[PDB]
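Worksheet for the structure shown next.
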Amino acid sequence: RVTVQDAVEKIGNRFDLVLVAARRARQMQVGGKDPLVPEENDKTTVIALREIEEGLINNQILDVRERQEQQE
Amino acid sequence: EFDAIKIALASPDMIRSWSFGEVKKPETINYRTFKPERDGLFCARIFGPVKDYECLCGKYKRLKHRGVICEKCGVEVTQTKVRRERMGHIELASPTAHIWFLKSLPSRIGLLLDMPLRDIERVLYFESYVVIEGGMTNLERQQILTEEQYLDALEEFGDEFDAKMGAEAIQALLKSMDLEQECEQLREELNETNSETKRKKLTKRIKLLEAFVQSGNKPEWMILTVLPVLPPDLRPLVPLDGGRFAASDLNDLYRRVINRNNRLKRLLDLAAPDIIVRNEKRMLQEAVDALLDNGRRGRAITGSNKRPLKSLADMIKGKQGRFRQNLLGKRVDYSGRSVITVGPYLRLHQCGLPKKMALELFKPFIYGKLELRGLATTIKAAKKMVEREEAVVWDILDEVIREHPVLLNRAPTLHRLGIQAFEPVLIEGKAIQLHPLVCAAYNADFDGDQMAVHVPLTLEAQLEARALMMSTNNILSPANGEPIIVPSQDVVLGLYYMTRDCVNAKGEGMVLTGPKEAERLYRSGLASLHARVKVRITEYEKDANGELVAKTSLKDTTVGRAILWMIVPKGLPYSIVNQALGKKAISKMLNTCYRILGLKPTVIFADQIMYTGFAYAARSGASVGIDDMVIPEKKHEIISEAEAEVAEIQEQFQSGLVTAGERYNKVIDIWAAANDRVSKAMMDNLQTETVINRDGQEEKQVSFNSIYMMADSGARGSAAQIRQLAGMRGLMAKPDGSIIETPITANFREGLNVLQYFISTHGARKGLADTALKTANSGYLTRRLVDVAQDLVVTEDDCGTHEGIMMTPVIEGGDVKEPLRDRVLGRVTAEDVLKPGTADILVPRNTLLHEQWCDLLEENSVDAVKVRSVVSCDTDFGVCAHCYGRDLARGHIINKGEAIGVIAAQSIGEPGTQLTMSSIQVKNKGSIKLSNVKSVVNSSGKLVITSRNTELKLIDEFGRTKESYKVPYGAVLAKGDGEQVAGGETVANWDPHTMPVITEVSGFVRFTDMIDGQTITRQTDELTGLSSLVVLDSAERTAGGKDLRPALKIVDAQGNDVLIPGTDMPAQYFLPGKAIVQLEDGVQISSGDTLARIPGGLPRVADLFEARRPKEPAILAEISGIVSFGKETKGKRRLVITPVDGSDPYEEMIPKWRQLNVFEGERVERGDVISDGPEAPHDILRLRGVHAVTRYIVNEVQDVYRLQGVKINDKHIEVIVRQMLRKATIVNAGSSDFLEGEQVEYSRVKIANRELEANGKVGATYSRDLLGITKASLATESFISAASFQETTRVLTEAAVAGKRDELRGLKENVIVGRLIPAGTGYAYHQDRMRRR
Amino acid sequence: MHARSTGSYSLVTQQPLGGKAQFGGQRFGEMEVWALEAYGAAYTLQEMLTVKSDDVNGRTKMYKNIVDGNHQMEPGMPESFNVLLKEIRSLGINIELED
DNA sequence: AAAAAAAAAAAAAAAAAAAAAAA
DNA sequence: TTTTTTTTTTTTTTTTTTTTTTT
Ligand SMILES: [Mg+2]
Ligand SMILES: [Zn+2]
Ligand SMILES: [Zn+2]
């Protein structure tokens, strides 16, 4: 990835984008839980941004999954 | 994990609650062993174990009985670092006063007990017995007594009377006080008081009582009874190189205090005579004061030598003060440095980082990815592998830096772009390469400039460096919307060369194909690069709604132009590149690509333009041979003619026909004329001048001379400098500044002479020194601005107001420069834009004015639209997102959080060093418009203006103002309002000097009250050799005639007294003093008869921001009404204003020398300039109010910055203004405690009115007061910040006594304490944390 | 040129030792702090101030996370706040926290 | 008397007096 | 015409060598 304009409108704020992407990247770095999109030698953080742009990752989704496993 | 901070006076139980146990013995060590004597100053059980996870007894050992209090030695088993925080306390034998509240200067204890500092110190330091409940005696509670008076009091009433001497006496006084009764009585007195100083002191007392009431604090804690003791580590014992332990400097204070207190306990238990124990208490009070802050009350004690020793308070003061510590500067790790080197072949988001520096920055990352991969599992093996330069470590380092943004920071970081962040790509050697295009924001120049490389460690920081700061997400700089990735020096020369029309060259006259065959033609060398030829470019224009509509057609172009067209992305139209792309058209092309196809295509297109510019610049080989600085052949002839001219002028001056000054001015003028001639000649020889065959006859085309090619392209060097290279290099001003009479008559190509060059050195060195000084000047200005702007942060999505300023194109005296386009671009409209056609709403109310809406404004040509402004947004401690507009760094509306104060301050900063340290002729087609119009047909027949502040505008045929000129009073106006005035009319006309007394009607002159010899004099003016009457002022006229005012009760032809048209009173024109009444008595005047012949750099910006009042301010009419010269001759003339709408309450004195533009009696609206001259800002707020001080400050400073070359958007000045005037004086009691004399932050009074009107209460009115940025920074809303501005002890004392809770708001308190800077990621994090609660 | 990752630290300031003559890293002066504040970037500033200036525990923890392969700061108030708090509490001042 | 350790290398507070205003 | 209050303008106070202390 080079620019992050596509991710701005997906999470409108450009800072909540940063923290949400950091949440997903931390999940994908040591919290296992491989990315849902293929990687191209990309770091975990860029994969998080990529999936955010793909729309399949958002703060709501992360919270839903965290709550679901916290019920376990 | 820490919301707002609270500070308050500590209760003794609080102090004892801050300890595990009490110290009771002053001892340091055994001096034989390391024995921490029980209850010692470093007691093990009060502070912790000396060695980690140990008991002094040594029973338990190092983990097993962890966190166990040894039953024998009574010591926890924890790490030695626990010793760092375990506070202790020393119980005082007697209450002892706290010096800080005694000597806050003004003392808080003082007004708390409302006693003179002298007597309170007498009682405190044991030389007087205060009276305590004097009761039924001649003495009274507030009274004090010296020793003899106390003895006498004991003699007379020594049965029930009570009086004690010492700190404990002050404590008892504090026990005897009921602040509620004090509140009631002092508010009553404030109601009774009239003396403003009396009200001020009483309100100081009432604010004290308000503090103690609202705050939970109680005044009795002012007198300490338990002194806390810091943990031993924070006061390190620092053992000397011997058996003794060098007990710091504070520990010495503890030694003295503890010894004195133990001896006081001993004396109390033994009950020694009162004199000895009184002396002991005095010594203990002195010792405690010294412990608090030694050197404040008495002479500071010292250490071993005479040199004074510090104190606990010094820990909160000075450079080592732990308030201003994270601000001085931190040598951050993972840093770097290097010299810089150009980096073509890099993309626009890559920074070539050296190998030898990238294996010492990402070292730990290499360790991680190396040990994890198993190449060397143990860490020490990984270290020895990297230091062994083994080939695998290069691969691992490449992997880790695959995507791990680095931050490249230039030295002076004025802009917010000066910490841009790139991806790394590894080169060899040692030089931080750097993409060429991004050399502008940094401002580096590759002549030794050095940039530092930081790295973000934590994953959040990595995502920030890739999202918020990456070099490819900052095409638009903060201040000015247009791009700051703009092709600069060689890329533009390459583009220019690659597209230029040559009349005839190889490949002329043919039709090839689309661009591909054009590049094929050029590479093969068949067709020259410049070849006017038709090709088949196809353009994908966005004519349809978001659709690439493709159209192709045989279009003329140049072969090079077709070649360059391949780099333009799809969306742009072809004509975007068909000119000869300069530095202007190229930036316009790049900006258009931005607006039409978004961001990422602009980055791709900037890369491509830089590359295809460098390549063809090289293949051109544009080189500056000396022979291409052509000199005019007419130069010597023109200079000879100028020399003859000055010769004749000088000879004529020698004959006396022309004075020295006129001769000098004429000489310099003719030198300027000759210089213009030579400049035109050389610019004509350089430009054009290339005559060549076109395959038929000859014709001329724009030349290809490398100097002219550069200058026309705008690569580097405009017409002025090439003029200096070939034409005369001007007239260099002497060191004072006066222009030298004899200019330099030799360009650089020809030689200079010792005299001429020695002259040029003057201007050169003056320029250098002035730049060196303006460096620090701009630095100071930025610091003040960011000091008063850092408070803000965009924290509200919408304040839902309606009071947005109304923006109009700004007219510089007939020279409208900024249309409504810019100064309303993006900023959100407040009211729905209404088309000039009635009832036709153009755009809704709360809508963003992006480029298309601006285009709609242009097509409708709206001359005024109401735009929301941050100068007045209904928010508590921030500023509405909608009310700010676009961020002007990304385009969309500013998202919640992004700090604008430190955006503004820097944008109004960095472009500071660039800052340098009779009749109107209508020129356009339009109609006459007049503002503040009160005119009438004159005797001359044209017109006379009877209004002072009249202004004349030229409304174009579109119904839009274009030109505007301030019409002086008593001006001859040929036409009137509402008459067609095409481009060329000269309607405006007036005397540039003199202040004529025009009589708007006819009537015979009458010297009613103008007695000759007492008020006027029939003086024989020998200029025209005629007798004229001259009015005499108070000094010139007789004192007896002083009352006799020089009135002119004109009488009409019928002889009746001329009443002013529309008034019953006579037209008794009171002429001013020293006026020249040319007309005589019995002369029939006419309309407008003239009777009395009455006669940039940084500092300006700082003055405008610092609200520095002018030295001779223009005086305005504080209230609407008719003016009346009141009492005179009292040093300053007294002037009264009589509101015709109401009473006449307002009057004041004004200097006699300060001339008045208005006569004795004239109906003047408020704001009428009583006198002209420089205009103060603060009075504009006083009268015009907010939304007018804005349109003054923003207009003035943005004019000063538009003066030179820069473009500071108005949002930044507006937020600095908002921060400037966030405090208002209270106008009425309303229903809250707010006294009229009090001044409080405008937010506080705003919310006060909000909550009072929500209920049945009544709000308190206010008047917002302007404060200079230095003044505003001195003013504070957060005690940590004010601590950051020194006077730390005063701030702490005031906050503690007031119980002044402080928001962790604004970006300077959080940095000092160290939490998340609550602006961006920090702000979202904090709001999330609050939400989870 | 002068790189720096975890070289010799200072005496009393306990920051990384400054100066080219002793393996020093570039100084992060105030104006750069403003430069970061203008950007929303906060964690990078918070780490330029705490986990790479003086926080020994933070420094060690961050080094552990980096070598262990985890990119994560440790959320919590810098100990400098705690030192200042105890300094004030030395004086008879409550200086308590809030929510 | 020699050696070792500490520190040095204009702004504003207060008050006298002059001038205004009220009795 | 005399006294009191308020203003304002003037004054005065706030990394190396040497010095003081210790043996
Ligand atoms: Mg340079
Ligand atoms: Zn023990
Ligand atoms: Zn607003």
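Residues in the structure tokens are numbered from 1 in each chain, the chains being A, B, ... in the order shown, and ligands are numbered from 1 in the order shown.
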Distance filter 12 Å, only C-alpha atoms (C1' of nucleotides), chain B against chain D, as a PyMOL selection string: chain B and resi 105-106+240+302-309+1130-1131
Go ahead and save the picked residues with N, CA, C and O atoms, as a PDB file, in the first residue's frame.
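New file result_39.pdb:
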ATOM      1  N   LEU B 105       2.618  36.365  47.671  1.00  0.00           N
ATOM      2  CA  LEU B 105       2.909  37.654  47.053  1.00  0.00           C
ATOM      3  C   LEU B 105       1.970  37.933  45.883  1.00  0.00           C
ATOM      4  O   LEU B 105       2.387  37.841  44.722  1.00  0.00           O
ATOM      5  N   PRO B 106       0.704  38.281  46.132  1.00  0.00           N
ATOM      6  CA  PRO B 106       0.090  38.620  47.424  1.00  0.00           C
ATOM      7  C   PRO B 106      -0.172  37.401  48.286  1.00  0.00           C
ATOM      8  O   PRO B 106      -0.576  36.360  47.782  1.00  0.00           O
ATOM      9  N   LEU B 240      29.236   9.432  49.714  1.00  0.00           N
ATOM     10  CA  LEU B 240      30.537   9.911  49.282  1.00  0.00           C
ATOM     11  C   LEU B 240      31.525   8.747  49.251  1.00  0.00           C
ATOM     12  O   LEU B 240      31.209   7.615  49.627  1.00  0.00           O
ATOM     13  N   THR B 302      23.381  27.226  54.058  1.00  0.00           N
ATOM     14  CA  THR B 302      24.280  26.674  53.059  1.00  0.00           C
ATOM     15  C   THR B 302      24.643  25.240  53.405  1.00  0.00           C
ATOM     16  O   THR B 302      24.168  24.666  54.388  1.00  0.00           O
ATOM     17  N   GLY B 303      25.495  24.664  52.562  1.00  0.00           N
ATOM     18  CA  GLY B 303      26.074  23.366  52.827  1.00  0.00           C
ATOM     19  C   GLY B 303      27.403  23.496  53.539  1.00  0.00           C
ATOM     20  O   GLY B 303      27.528  24.266  54.495  1.00  0.00           O
ATOM     21  N   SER B 304      28.410  22.756  53.074  1.00  0.00           N
ATOM     22  CA  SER B 304      29.716  22.803  53.720  1.00  0.00           C
ATOM     23  C   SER B 304      30.324  24.198  53.621  1.00  0.00           C
ATOM     24  O   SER B 304      30.838  24.734  54.610  1.00  0.00           O
ATOM     25  N   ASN B 305      30.265  24.803  52.440  1.00  0.00           N
ATOM     26  CA  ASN B 305      30.836  26.122  52.216  1.00  0.00           C
ATOM     27  C   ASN B 305      29.772  27.186  52.493  1.00  0.00           C
ATOM     28  O   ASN B 305      28.689  26.891  53.002  1.00  0.00           O
ATOM     29  N   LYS B 306      30.076  28.444  52.160  1.00  0.00           N
ATOM     30  CA  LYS B 306      29.076  29.506  52.191  1.00  0.00           C
ATOM     31  C   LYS B 306      28.034  29.362  51.092  1.00  0.00           C
ATOM     32  O   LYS B 306      27.023  30.071  51.125  1.00  0.00           O
ATOM     33  N   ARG B 307      28.251  28.474  50.133  1.00  0.00           N
ATOM     34  CA  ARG B 307      27.372  28.387  48.975  1.00  0.00           C
ATOM     35  C   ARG B 307      25.991  27.894  49.402  1.00  0.00           C
ATOM     36  O   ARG B 307      25.892  26.866  50.082  1.00  0.00           O
ATOM     37  N   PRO B 308      24.908  28.579  49.030  1.00  0.00           N
ATOM     38  CA  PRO B 308      23.590  28.176  49.526  1.00  0.00           C
ATOM     39  C   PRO B 308      23.162  26.829  48.971  1.00  0.00           C
ATOM     40  O   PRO B 308      23.607  26.397  47.904  1.00  0.00           O
ATOM     41  N   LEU B 309      22.289  26.162  49.719  1.00  0.00           N
ATOM     42  CA  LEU B 309      21.746  24.865  49.348  1.00  0.00           C
ATOM     43  C   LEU B 309      20.296  25.009  48.899  1.00  0.00           C
ATOM     44  O   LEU B 309      19.595  25.955  49.269  1.00  0.00           O
ATOM     45  N   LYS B1130      -8.994  73.077  29.163  1.00  0.00           N
ATOM     46  CA  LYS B1130      -8.542  72.311  30.325  1.00  0.00           C
ATOM     47  C   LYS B1130      -7.448  71.327  29.930  1.00  0.00           C
ATOM     48  O   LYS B1130      -7.521  70.133  30.217  1.00  0.00           O
ATOM     49  N   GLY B1131      -6.421  71.821  29.241  1.00  0.00           N
ATOM     50  CA  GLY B1131      -5.371  70.959  28.733  1.00  0.00           C
ATOM     51  C   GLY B1131      -5.827  70.149  27.537  1.00  0.00           C
ATOM     52  O   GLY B1131      -5.198  70.178  26.476  1.00  0.00           O
TER      53      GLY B1131
END
Skipping near chain neighbours, those fewer than 2 positions away, what residues fall within 8 Å of region 28-35 of chain A using only C-alpha atoms (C1' of nucleotides), listed as number ranges by chain? A: 24-26, 37-39, 44, 47-48; C: 69-70
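CA of residue 1093 (chain B) lies 13.4 Å from CA of residue 1080 (chain B).
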So that I can check the surroundings of region 14-17 of chain A, please list as a JSON list (two decimals) with N, CA and C atoms, in the first residue's frame every protein, DNA and RNA residue that reaches within 10 Å of it, counting only C-alpha atoms (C1' of nucleotides) and ignoring chain neighbours fewer than 6 positions away.
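File written: selection06.json
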[["chain", "number", "residue", "atom", "x", "y", "z"],
["A", 4, "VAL", "N", -3.62, 6.09, 1.61],
["A", 4, "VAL", "CA", -4.64, 5.58, 2.52],
["A", 4, "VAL", "C", -5.94, 6.35, 2.34],
["A", 5, "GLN", "N", -6.11, 6.99, 1.18],
["A", 5, "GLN", "CA", -7.32, 7.77, 0.96],
["A", 5, "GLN", "C", -8.55, 6.87, 0.94],
["A", 7, "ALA", "N", -9.20, 4.32, 2.63],
["A", 7, "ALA", "CA", -9.61, 3.92, 3.96],
["A", 7, "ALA", "C", -10.26, 5.05, 4.75],
["A", 8, "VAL", "N", -10.14, 6.29, 4.30],
["A", 8, "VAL", "CA", -10.70, 7.41, 5.06],
["A", 8, "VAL", "C", -12.21, 7.31, 5.13],
["A", 23, "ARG", "N", -5.74, -1.99, 16.05],
["A", 23, "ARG", "CA", -6.41, -3.10, 16.71],
["A", 23, "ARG", "C", -6.32, -4.36, 15.86],
["A", 49, "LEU", "N", -4.78, -2.42, 7.02],
["A", 49, "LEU", "CA", -5.28, -1.31, 6.21],
["A", 49, "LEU", "C", -5.92, -1.82, 4.93],
["A", 52, "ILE", "N", -9.29, -3.19, 5.70],
["A", 52, "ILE", "CA", -10.17, -2.06, 6.02],
["A", 52, "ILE", "C", -10.68, -1.44, 4.73],
["A", 58, "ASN", "N", -13.91, -3.68, 10.34],
["A", 58, "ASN", "CA", -14.24, -2.39, 10.93],
["A", 58, "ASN", "C", -14.28, -2.57, 12.44],
["A", 59, "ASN", "N", -14.30, -1.44, 13.15],
["A", 59, "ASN", "CA", -14.32, -1.49, 14.61],
["A", 59, "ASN", "C", -15.52, -2.28, 15.11],
["B", 463, "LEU", "N", 1.45, 2.60, 12.25],
["B", 463, "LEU", "CA", 0.26, 2.94, 11.47],
["B", 463, "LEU", "C", 0.10, 4.43, 11.33],
["B", 464, "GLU", "N", 0.49, 5.20, 12.34],
["B", 464, "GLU", "CA", 0.45, 6.65, 12.20],
["B", 464, "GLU", "C", 1.41, 7.10, 11.11],
["B", 467, "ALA", "N", -0.14, 6.41, 7.84],
["B", 467, "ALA", "CA", -1.44, 6.99, 7.53],
["B", 467, "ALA", "C", -1.44, 8.50, 7.62],
["B", 468, "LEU", "N", -1.01, 9.06, 8.75],
["B", 468, "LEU", "CA", -1.16, 10.48, 9.00],
["B", 468, "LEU", "C", -0.01, 11.31, 8.46],
["B", 894, "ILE", "N", -12.84, 18.98, 8.43],
["B", 894, "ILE", "CA", -11.88, 18.55, 9.44],
["B", 894, "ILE", "C", -12.55, 17.53, 10.35],
["B", 895, "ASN", "N", -11.94, 16.36, 10.44],
["B", 895, "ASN", "CA", -12.42, 15.30, 11.31],
["B", 895, "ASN", "C", -12.21, 15.68, 12.77],
["B", 896, "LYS", "N", -13.02, 15.08, 13.64],
["B", 896, "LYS", "CA", -12.93, 15.34, 15.07],
["B", 896, "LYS", "C", -11.54, 15.03, 15.59],
["B", 897, "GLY", "N", -10.86, 16.05, 16.11],
["B", 897, "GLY", "CA", -9.64, 15.84, 16.86],
["B", 897, "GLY", "C", -8.43, 16.58, 16.33],
["B", 898, "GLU", "N", -8.26, 16.65, 15.01],
["B", 898, "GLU", "CA", -7.02, 17.20, 14.47],
["B", 898, "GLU", "C", -6.79, 18.62, 14.96],
["B", 1319, "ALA", "N", -4.85, 15.14, 20.79],
["B", 1319, "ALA", "CA", -5.18, 15.82, 19.54],
["B", 1319, "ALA", "C", -5.73, 14.86, 18.50],
["B", 1320, "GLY", "N", -4.93, 13.89, 18.06],
["B", 1320, "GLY", "CA", -5.36, 13.03, 16.98],
["B", 1320, "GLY", "C", -5.68, 11.64, 17.45],
["B", 1321, "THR", "N", -4.76, 10.71, 17.20],
["B", 1321, "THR", "CA", -4.89, 9.38, 17.77],
["B", 1321, "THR", "C", -5.10, 9.47, 19.27],
["B", 1322, "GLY", "N", -4.42, 10.41, 19.92],
["B", 1322, "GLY", "CA", -4.66, 10.62, 21.33],
["B", 1322, "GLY", "C", -6.10, 10.98, 21.62],
["B", 1323, "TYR", "N", -6.69, 11.86, 20.81],
["B", 1323, "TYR", "CA", -8.05, 12.29, 21.09],
["B", 1323, "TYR", "C", -9.04, 11.14, 20.93],
["B", 1324, "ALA", "N", -8.90, 10.36, 19.85],
["B", 1324, "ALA", "CA", -9.79, 9.22, 19.68],
["B", 1324, "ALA", "C", -9.61, 8.23, 20.81],
["B", 1325, "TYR", "N", -8.37, 8.00, 21.23],
["B", 1325, "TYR", "CA", -8.12, 7.08, 22.33],
["B", 1325, "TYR", "C", -8.81, 7.55, 23.60],
["B", 1328, "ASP", "N", -12.59, 7.24, 23.38],
["B", 1328, "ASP", "CA", -12.93, 5.83, 23.53],
["B", 1328, "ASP", "C", -12.87, 5.41, 24.99],
["C", 40, "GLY", "N", -2.15, 14.45, 13.55],
["C", 40, "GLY", "CA", -2.80, 13.74, 14.61],
["C", 40, "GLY", "C", -1.89, 12.80, 15.36],
["C", 41, "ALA", "N", -0.72, 12.50, 14.80],
["C", 41, "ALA", "CA", 0.14, 11.46, 15.35],
["C", 41, "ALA", "C", 0.46, 11.75, 16.80]]
Write as number ranges by chain the residues around ligand 3, taking 10 Å as the cut-off and counting only C-alpha atoms (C1' of nucleotides) and all ligand atoms. B: 796-804, 828, 830, 867-875, 878-885
I'd like to know which residues of region 118-193 of chain B are alpha helix (DSSP H) (by DSSP, run on the backbone); could you write them as a ChimeraX atom specification? /B:118-124,147-157,167-175,179-192
Can you pull out every residue with an atom within 9 Å of ligand 2? Use only C-alpha atoms (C1' of nucleotides) and all ligand atoms and format it as JSON, numbers by chain. {"B": [49, 54, 55, 56, 57, 58, 59, 60, 68, 69, 70, 71, 72, 73, 74, 75, 76, 77]}
For the residues selected in the previous step, produce a file with N, CA and C atoms as a PDB file, in the first residue's frame.
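Result file out07.pdb:
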ATOM      1  N   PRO B  49      13.167  -1.922  51.630  1.00  0.00           N
ATOM      2  CA  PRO B  49      14.434  -2.629  51.832  1.00  0.00           C
ATOM      3  C   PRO B  49      15.548  -2.010  51.009  1.00  0.00           C
ATOM      4  N   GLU B  54      14.777  -8.306  50.104  1.00  0.00           N
ATOM      5  CA  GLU B  54      15.544  -8.685  51.279  1.00  0.00           C
ATOM      6  C   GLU B  54      14.931  -8.059  52.519  1.00  0.00           C
ATOM      7  N   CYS B  55      15.218  -8.667  53.667  1.00  0.00           N
ATOM      8  CA  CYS B  55      14.940  -8.072  54.964  1.00  0.00           C
ATOM      9  C   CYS B  55      16.260  -7.682  55.613  1.00  0.00           C
ATOM     10  N   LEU B  56      16.257  -6.542  56.307  1.00  0.00           N
ATOM     11  CA  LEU B  56      17.473  -6.080  56.965  1.00  0.00           C
ATOM     12  C   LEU B  56      18.010  -7.139  57.915  1.00  0.00           C
ATOM     13  N   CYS B  57      17.116  -7.854  58.594  1.00  0.00           N
ATOM     14  CA  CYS B  57      17.535  -8.986  59.402  1.00  0.00           C
ATOM     15  C   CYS B  57      18.154 -10.091  58.560  1.00  0.00           C
ATOM     16  N   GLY B  58      17.825 -10.157  57.275  1.00  0.00           N
ATOM     17  CA  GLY B  58      18.357 -11.185  56.409  1.00  0.00           C
ATOM     18  C   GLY B  58      17.658 -12.519  56.511  1.00  0.00           C
ATOM     19  N   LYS B  59      16.519 -12.585  57.202  1.00  0.00           N
ATOM     20  CA  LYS B  59      15.811 -13.853  57.354  1.00  0.00           C
ATOM     21  C   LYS B  59      15.433 -14.432  55.996  1.00  0.00           C
ATOM     22  N   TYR B  60      14.611 -13.712  55.245  1.00  0.00           N
ATOM     23  CA  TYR B  60      14.143 -14.164  53.946  1.00  0.00           C
ATOM     24  C   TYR B  60      15.096 -13.682  52.858  1.00  0.00           C
ATOM     25  N   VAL B  68       6.639  -9.873  52.150  1.00  0.00           N
ATOM     26  CA  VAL B  68       6.455 -10.211  53.555  1.00  0.00           C
ATOM     27  C   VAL B  68       7.101  -9.133  54.407  1.00  0.00           C
ATOM     28  N   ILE B  69       6.384  -8.693  55.433  1.00  0.00           N
ATOM     29  CA  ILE B  69       6.947  -7.804  56.441  1.00  0.00           C
ATOM     30  C   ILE B  69       7.656  -8.687  57.462  1.00  0.00           C
ATOM     31  N   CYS B  70       8.986  -8.624  57.492  1.00  0.00           N
ATOM     32  CA  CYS B  70       9.748  -9.463  58.410  1.00  0.00           C
ATOM     33  C   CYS B  70       9.303  -9.209  59.838  1.00  0.00           C
ATOM     34  N   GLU B  71       8.880 -10.271  60.525  1.00  0.00           N
ATOM     35  CA  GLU B  71       8.352 -10.108  61.874  1.00  0.00           C
ATOM     36  C   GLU B  71       9.388  -9.514  62.817  1.00  0.00           C
ATOM     37  N   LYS B  72      10.673  -9.651  62.490  1.00  0.00           N
ATOM     38  CA  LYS B  72      11.727  -9.173  63.376  1.00  0.00           C
ATOM     39  C   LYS B  72      12.121  -7.735  63.055  1.00  0.00           C
ATOM     40  N   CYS B  73      12.579  -7.489  61.830  1.00  0.00           N
ATOM     41  CA  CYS B  73      12.962  -6.147  61.417  1.00  0.00           C
ATOM     42  C   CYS B  73      11.791  -5.331  60.883  1.00  0.00           C
ATOM     43  N   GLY B  74      10.630  -5.946  60.673  1.00  0.00           N
ATOM     44  CA  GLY B  74       9.447  -5.193  60.278  1.00  0.00           C
ATOM     45  C   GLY B  74       9.539  -4.536  58.920  1.00  0.00           C
ATOM     46  N   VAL B  75      10.057  -5.247  57.920  1.00  0.00           N
ATOM     47  CA  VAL B  75      10.303  -4.680  56.598  1.00  0.00           C
ATOM     48  C   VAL B  75       9.686  -5.582  55.538  1.00  0.00           C
ATOM     49  N   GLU B  76       8.942  -4.973  54.617  1.00  0.00           N
ATOM     50  CA  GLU B  76       8.405  -5.679  53.462  1.00  0.00           C
ATOM     51  C   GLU B  76       9.529  -6.332  52.666  1.00  0.00           C
ATOM     52  N   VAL B  77       9.181  -7.386  51.929  1.00  0.00           N
ATOM     53  CA  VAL B  77      10.094  -7.985  50.961  1.00  0.00           C
ATOM     54  C   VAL B  77       9.633  -7.615  49.558  1.00  0.00           C
TER      55      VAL B  77
END
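Using only C-alpha atoms (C1' of nucleotides), the residues found no farther than 9 Å from residue 91 (chain C), other than those of its own chain fewer than 5 positions away, are residues 10, 227, 228, 229, 292, 312 and 313 of chain B; 86 of chain C.
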Restricted to N, CA and C atoms, what would the selected residues look like written as a tab-separated table (two decimals), in the first residue's frame?
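Result went into again_39.tsv, see below:
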chain	number	residue	atom	x	y	z
B	10	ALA	N	-3.45	20.15	51.47
B	10	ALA	CA	-3.48	18.81	52.05
B	10	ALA	C	-3.87	18.85	53.51
B	227	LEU	N	4.69	17.35	58.71
B	227	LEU	CA	5.47	17.67	57.53
B	227	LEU	C	5.74	16.39	56.74
B	228	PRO	N	5.28	16.26	55.50
B	228	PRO	CA	5.60	15.05	54.73
B	228	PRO	C	7.08	14.99	54.41
B	229	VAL	N	7.58	13.77	54.20
B	229	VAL	CA	8.97	13.53	53.86
B	229	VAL	C	9.01	12.71	52.57
B	292	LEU	N	10.74	24.14	53.12
B	292	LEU	CA	9.81	24.39	52.03
B	292	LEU	C	10.50	25.08	50.87
B	312	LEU	N	13.18	21.67	48.70
B	312	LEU	CA	12.18	20.88	47.99
B	312	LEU	C	11.46	21.71	46.94
B	313	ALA	N	11.17	22.97	47.26
B	313	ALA	CA	10.50	23.83	46.28
B	313	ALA	C	11.35	24.02	45.04
C	86	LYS	N	4.69	12.76	43.70
C	86	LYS	CA	5.30	12.62	45.01
C	86	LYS	C	6.04	13.89	45.41
Quick one: of B:636, B:235, B:410, B:416, who's nearest to ligand 1, counting only C-alpha atoms and all ligand atoms?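 Distance minimum relative to ligand 1 lands on B:410.
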